[PDB]
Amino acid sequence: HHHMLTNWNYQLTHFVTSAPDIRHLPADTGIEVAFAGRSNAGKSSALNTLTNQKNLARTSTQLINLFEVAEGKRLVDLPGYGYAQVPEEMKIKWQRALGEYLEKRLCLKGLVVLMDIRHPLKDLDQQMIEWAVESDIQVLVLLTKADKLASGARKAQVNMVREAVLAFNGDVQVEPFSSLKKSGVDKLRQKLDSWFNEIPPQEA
């Protein structure tokens, strides 16, 4: 029996813990893939769709939610940005905390940035991609709510964003996604499988 690319079962992903900040994250070991986006972009719906769970994050918030796909393989749900009607001091603090996670989390292997296909690359979207590429993290951009566009317009948006992300000095993949129509889940699973194939040498 020889090594092969594993297709992990994301429907067995389960909640393990939350953290109020990076100082209270679990040990910086294994593999993490992070998810981020503007509030309301569709991040919780995408995670719910990927894992076939109705309310994966157990929401009843700046909490970081962590989920295990398997031992040592975690999805990290970063609190949505934008911060409607928030004081400038808190906004800067919360934005910096996202950057600190991307730059200092040694077990981080990929970042999924979710953004509405109709309004991509707004608010902290570009800064999140830039921080990831500076830290040698591969990025998957999911253009969410892709069911709101007809096929021609959908492809035009995907192409526009693919052209735009060439300006980042790193590896940025762009895919349309719809939680509502359960479309694009395959592209997400393929990216996750590629990232969870990269076992830390000191743990293998």
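Position 1 is the first residue in the sequence shown; the rest follow in order.
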| property | result |
| --- | --- |
| Unmodelled stretch of the deposited sequence separating residue 60 from residue 61, binned as none, 1 to 3, 4 to 9 or 10 or more | 4 to 9 |
| Entry-level comparison of average CA B-factors, 63 to 71 and 22 to 30, reporting the higher stretch | 22 to 30 |
| 39 to 47 versus 162 to 170 - which carries the larger mean C-alpha B factor in the record | 162 to 170 |
| Among 130, 123, 88, 100 - the residue whose C-alpha B-factor is largest in the record | 88 |
| Candidate residues 156, 56, 141, 137, the one whose C-alpha B factor the record puts highest | 156 |
| Chain thirds of CA B-factor: placement of residue 151 | highest |
| Cα B factor band for residue 96 (lowest, middle or highest third within the chain) | highest |
| Where the record places residue 111 (Cα B-factor, split into thirds across the chain) | lowest |
| Within-chain third of residue 12 by Cα B-factor, per the entry | middle |
| Third of the chain's Cα B-factor distribution that residue 84 belongs to, per the entry | highest |
